[PDB]
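K.L.:
Requesting a structural model of the entry that follows:
(one chain, ligands or ions: 4)
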Amino acid sequence: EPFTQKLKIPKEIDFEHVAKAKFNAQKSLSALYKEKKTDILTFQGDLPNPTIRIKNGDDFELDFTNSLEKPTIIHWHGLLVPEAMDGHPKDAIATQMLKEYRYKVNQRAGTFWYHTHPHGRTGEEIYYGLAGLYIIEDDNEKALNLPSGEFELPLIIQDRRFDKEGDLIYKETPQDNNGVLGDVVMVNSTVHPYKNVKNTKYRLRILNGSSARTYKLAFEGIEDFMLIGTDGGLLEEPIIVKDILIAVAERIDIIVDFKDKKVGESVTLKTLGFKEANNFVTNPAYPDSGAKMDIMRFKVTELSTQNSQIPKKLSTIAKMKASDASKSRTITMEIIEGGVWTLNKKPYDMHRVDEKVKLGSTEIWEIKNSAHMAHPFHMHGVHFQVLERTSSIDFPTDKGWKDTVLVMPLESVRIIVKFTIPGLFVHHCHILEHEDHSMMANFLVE
Ligand SMILES: [Cu+2]
Ligand SMILES: [Cu+2]
Ligand SMILES: [Cu+2]
Ligand SMILES: [Cu+2]
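P.N.:
Numbers count the residues shown, from 1 in each chain. Ligands and ions are numbered 1, 2, ... in the order given. Below, you will see the structure:
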């Protein structure tokens, strides 16, 4: 039943209305598909999990309780917080324990998210539900007067596999240790959804929260859309694009325009495929990285007089220079034998320091990849800029602040990063199955 069900909109935990929130990671049931209540994991009882929303400079406070069978912890993905609140895998809290998160937001507006991060089990916990979105606001962005209220939409894209009953299926074959691809696409935990829209501008806040699938998103119905932000918030100026690549854990802030749409018409969000991301052979039962897949439909149901007008200066981004760095280092992304995914040919030791870095310095990290697969590389505790790629695929998201960057097979991506927060952090591929099977490491800011 294509585009039968209405898109679910997450409740907001807005830190202008909430001083301290409560999350409790617990077993739940929802009918994601086939009217089958399937076992899921939630933070406050249902899916989608709530969108946190906070101004820069406000105090974030959240009491997290773990009612789950095994230890876990929440990582606030893209946030610049003290290591003790970052949700390092070594800080997982046991069943029936409490962690009190407290930090002062101190970073520019942008589109972030949050998920649990237990060592070896992150792919599973996110697959069964423990993720949501986090939005930081600031005065710059507010003064832009971008489409807001009913015209800003969170979109969490996750591909899934369901059985005949309607229950969820995670890993099935050995090839799935290389990444779980799915044949059903959910947005905001809704299978094949539809959104009733007006024929004006909509700001879409897009997170790829899948296990593995890299999406090449296009809208069949409109001619253009506008890239205005990445992981780290607004670009300097909009970029007109016809399609857009987004890997796991990456975030995009686009503007779409329905002004030429007649009532009764539709625009369909879909992925055009990206066969180049994967040179292994995926589980045959499920479509591969090149698959064309419909994702959701926006139904144009009402005419609108809204004239908002997207500014041409969005923000300023000081473009860091290669000479500003005082050290270069190389991270190799390979598969070593036994099918263990690694960085620098080492499996993750939770207790070992793989890179030691001076607090307040600027470094060039060169990320070199092997032939087998594209990898989304993420670092905690930092935002970085993309100095350069060697492959030729056009990545307009390079033009913005980033925390996760897609590294193509045999590509070298060379990023530049200033370390502002001390402590032990992790860097890793964010393909969840690879991270779970050891593609992870620690760096120490000192
Ligand atoms: Cu993450
Ligand atoms: Cu992270
Ligand atoms: Cu990977
Ligand atoms: Cu992480």
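K.L.:
Could you tell me how many residues sit around the residue of the stretch 1-150 of the chain found nearest ligand 3?
P.N.:
Residue of the stretch 1-150 of the chain nearest ligand 3, by C-beta to the ion: residue 123 (11.1 Å). (Each C-beta comes from the backbone N, C-alpha and C, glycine too.) Residues lying near residue 123 (other C-beta atoms under 10 Å) number 23.
K.L.:
Also residue 55?
P.N.:
Count around residue 55 with other C-beta under 10 Å applied: 16.
K.L.:
Name the nearest residue to it, sequence neighbours excluded.
P.N.:
residue 137 (5.1 Å; C-beta to C-beta, 6 or more residues apart in numbering).
K.L.:
what's the answer for residue 223, then?
P.N.:
Take residue 223 and drop its neighbours on the chain: the residue closest to it by C-beta to C-beta, 6+ apart is residue 242, 7.6 Å away.
K.L.:
Distance of the one you found relative to ligand 3?
P.N.:
Distance of residue 242 to ligand 3, computed by C-beta to the ion, to the nearest Å: 27 Å.
K.L.:
Strands of the stretch 1-150 of the chain, start to end?
P.N.:
Using DSSP state E, counting those that start in this stretch, the strands of the stretch 1-150 of the chain run over 12-14, 21-33, 36-42, 51-55, 59-66, 74-77, 98-104, 110-116, 131-137.
K.L.:
swap that for the stretch 151-300 of the chain, sorry
P.N.:
Going by DSSP E, counting those that start in this stretch, the stretch 151-300 of the chain shows strands at 152-160, 184-187, 190-191, 194-198, 201-208, 215-220, 225-230, 233-241, 244-246, 251-257, 266-271, 293-302.
K.L.:
Ligand 2: which of these is closest?
P.N.:
Going by C-beta to the ion, the one of these nearest ligand 2 is strand 251-257, 11.7 Å.
K.L.:
related to what we said a few turns ago, make TSV from the strands of the stretch 151-300 of the chain and add distance to residue 52 to it.
P.N.:
Shown next, in TSV, are those (distance: least, C-beta to C-beta, whole Å):
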stretch	distance to residue 52
strand 152-160	11
strand 184-187	19
strand 190-191	20
strand 194-198	22
strand 201-208	13
strand 215-220	24
strand 225-230	17
strand 233-241	16
strand 244-246	21
strand 251-257	14
strand 266-271	24
strand 293-302	23
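K.L.:
Just put the ones you listed in TSV and tack on mean neighbour count and distance to ligand 2.
P.N.:
Formatted as TSV, the strands of the stretch 151-300 of the chain follow (neighbours: other C-beta atoms under 10 Å; distance: least, C-beta to the ion, whole Å):
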stretch	mean neighbour count	distance to ligand 2
strand 152-160	21	16
strand 184-187	22	22
strand 190-191	21	25
strand 194-198	19	29
strand 201-208	22	13
strand 215-220	21	19
strand 225-230	24	15
strand 233-241	19	16
strand 244-246	24	16
strand 251-257	23	12
strand 266-271	21	24
strand 293-302	19	24
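K.L.:
So what sits opposite whichever residue of the chain sits closest to ligand 1 in the bridge?
P.N.:
Distances between the chain and ligand 1 by C-beta to the ion are smallest at residue 77, namely 3.5 Å. For residue 77, the beta-bridge partners under DSSP bridges are residue 113.
K.L.:
Could you shift the numbering so residue one becomes 592, and keep it that way?
P.N.:
Sure thing, new numbering starts at 592, so read that last one as residue 668.
K.L.:
That one - how many residues pack around it?
P.N.:
By the criterion of other C-beta under 10 Å, residue 668 has 25 neighbours.
K.L.:
now swap in residue 596 and tell me
P.N.:
Residue 596: 16 neighbours (other C-beta under 10 Å).
K.L.:
what separates it from residue 625, distance-wise?
P.N.:
Going from residue 596 to residue 625 by C-beta to C-beta, to the nearest Å gives 12 Å.
K.L.:
Over to residue 608?
P.N.:
36 Å.
K.L.:
neighbour count winner among these two?
P.N.:
Shown here are residue 608 and residue 625; by other C-beta under 10 Å, residue 625 has more neighbours (14 against 8).
K.L.:
The closest residue to ligand 3 within the stretch 892-1037 of the chain bridge partners, please.
P.N.:
Using C-beta to the ion, the single residue of the stretch 892-1037 of the chain nearest to ligand 3 is residue 1020, 3.1 Å away. Counting by DSSP bridges, residue 1020 is bridged to residue 968.
K.L.:
OK, contacts around it?
P.N.:
Going by C-beta atoms under 8 Å, 6 or more residues apart in numbering, residue 1020 touches 924, 932, 934, 966-969, 1026, 1030-1031.
K.L.:
hmm, 10 Å instead?
P.N.:
Residue 1020 makes contact with 770, 838-840, 924, 932-934, 958, 960, 964-969, 995, 998, 1026, 1029-1031, according to C-beta atoms under 10 Å, 6 or more residues apart in numbering.
K.L.:
Nearest residue to the most centrally placed residue in the chain in space, please, no chain neighbours.
P.N.:
In the chain, the C-alpha nearest the mean C-alpha coordinate belongs to residue 840, at 2.5 Å (C-alpha atoms, centre = their mean). Counting by C-beta to C-beta, 6+ apart, the nearest residue to residue 840 once its immediate chain neighbours are dropped is residue 1021, at 4.0 Å.
K.L.:
if we can go back for a sec, from residue 662, how far off is the residue nearest to the centre of the chain?
P.N.:
22 Å.
K.L.:
got it, and residue 613?
P.N.:
The value you get for residue 613 to residue 662, if C-beta to C-beta is used, is 19 Å.
K.L.:
between these two, which one's more packed in?
P.N.:
Taking neighbours as other C-beta under 10 Å, residue 613 and residue 662 compare with residue 662 leading, 17 against 14.
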